[PDB]
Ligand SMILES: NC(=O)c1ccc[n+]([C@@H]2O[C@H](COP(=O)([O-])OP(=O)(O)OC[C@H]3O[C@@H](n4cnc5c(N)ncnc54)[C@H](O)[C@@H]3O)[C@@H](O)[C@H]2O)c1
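Before any questions on binding or motion, here is one chain by itself as structure tokens, the form deposited without the ligand.
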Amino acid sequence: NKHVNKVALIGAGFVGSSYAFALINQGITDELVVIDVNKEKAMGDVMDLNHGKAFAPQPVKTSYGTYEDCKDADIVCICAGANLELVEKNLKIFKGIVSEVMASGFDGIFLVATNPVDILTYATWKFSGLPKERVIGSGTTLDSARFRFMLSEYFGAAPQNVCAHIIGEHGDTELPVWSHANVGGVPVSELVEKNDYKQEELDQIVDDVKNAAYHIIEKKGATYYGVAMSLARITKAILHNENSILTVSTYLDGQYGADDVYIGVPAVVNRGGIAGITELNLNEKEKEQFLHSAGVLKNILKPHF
């Protein structure tokens, strides 16, 4: 009796629906159940998603469901919420959601997508009582993948042999780890000096990354395709025991001079969830940029915990 991979999705808005469409197009899970307070929408979405079932690369059973259907889920992905005020609404929404999920007997991994992601990931860990290695937030995985790709273009190599992370809070206080950005083994700073590859050229790439989402929202009011893709990517590392290094929202206790906070850092991800935290030796600018970011978060945290 071989293991059946099962994902439970909570919140069938634009992010959730797209996330589902992505799992189906990539053949990532064996089963998917969709849960939303708006029964009719989730129902319609499931039907639409199954309409083209025959064309999916791999069989995937997709169904409408309720909180109790989370019992044997490997992953519960939360895309629900509202779109200091907002943090209040969502903090409560999550409380009821995690409560209902845990009440079903779910004993898997939480994947949190709704913003502010670092905050709601910390919250989910609290409300659920699960080990911190099994509550995971999307963190800055999207921004880091982008940064990483733009650089394989810029320096002309495959993304596979290019290294670059974005860490910190998923937000304006997130930061690039220039000190460890390397191409094929060769540090970026090295390539910048030996050629005239110029500095604020690379600095502009970081500028685009941080504002990418705002610009999308400015034009169509919401962002969902890129988000959905990052979620499917993280779900893939888990379900297929990849040990992939991803800058997901992770609980720190001393690793980067930070403790008691969920924040974006490169973490090894596998079927168990977080399997280790990659500890980069930050230089001086990075070290304070980071702690400033961790401080901003922990500060919004205490009023609620």
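Residue indices: 1-based, along the sequence shown.
In the deposited entry, the stretch joining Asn83 to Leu84 is interrupted by 4 to 9 residues of the deposited sequence lacking coordinates. Per the record, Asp196 and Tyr197 are separated by a gap of 1 to 3 residues from the deposited sequence that were not modelled. When the two stretches 88-96 and 209-217 are set side by side, the higher mean Cα temperature factor goes to 88-96. As recorded in the PDB entry, 248-256 is the stretch of 248-256 and 25-33 with the greater mean C-alpha temperature factor. The PDB entry assigns its highest CA temperature factor, among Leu142, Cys79, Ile109, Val183, to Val183. As recorded in the PDB entry, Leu191 shows the highest C-alpha B-factor of the residues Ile166, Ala113, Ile234, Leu191. Ranked against the other modelled residues of its chain, the C-alpha B-factor of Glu279 as given in the entry falls in the highest third. Among all modelled residues in its chain, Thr121 ranks in the middle third by Cα B-factor. In this PDB entry, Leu202 carries a Cα temperature factor that places it within the highest third of its chain's modelled residues. Ranked by C-alpha B-factor against the other modelled residues of its chain, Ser138 falls in the lowest third. Ranked against the other modelled residues of its chain, the C-alpha B-factor of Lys6 as given in the entry falls in the lowest third.
Below, we refer to the form solved in complex with the ligand, which is not included among the displayed structures.
Of the candidates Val87, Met150, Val206, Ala80, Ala80 is the one whose heavy atoms come within 4.5 Å of the ligand in the entry with it bound; the others do not.
None of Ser104, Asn115, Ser128, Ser179 but one reaches within 4.5 angstroms of the ligand in the entry with it bound through a heavy atom, and that residue is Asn115. Stretch 88-96 is the answer when you ask which of 198-206, 129-137, 88-96, 69-77 has residues with heavy atoms within 4.5 Å of the ligand in the entry with it bound. Using a 4.5 Å cutoff between non-hydrogen atoms, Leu23 does not count as a contact of the ligand in the entry with it bound.
At a distance threshold of 4.5 angstroms between non-hydrogen atoms, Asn38 is in contact with the ligand in the entry with it bound. A residue is said to contact a partner when one of its heavy atoms sits within 4.5 Å of a partner heavy atom; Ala157 fails this definition for the ligand in the entry with it bound, lying far away.
The shortest heavy atom separation between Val192 and the ligand in the entry with it bound exceeds 4.5 Å. Of all the residues from 219-234, those having a non-hydrogen atom no more than 4.5 Å from the ligand in the entry with it bound are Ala222, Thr223.
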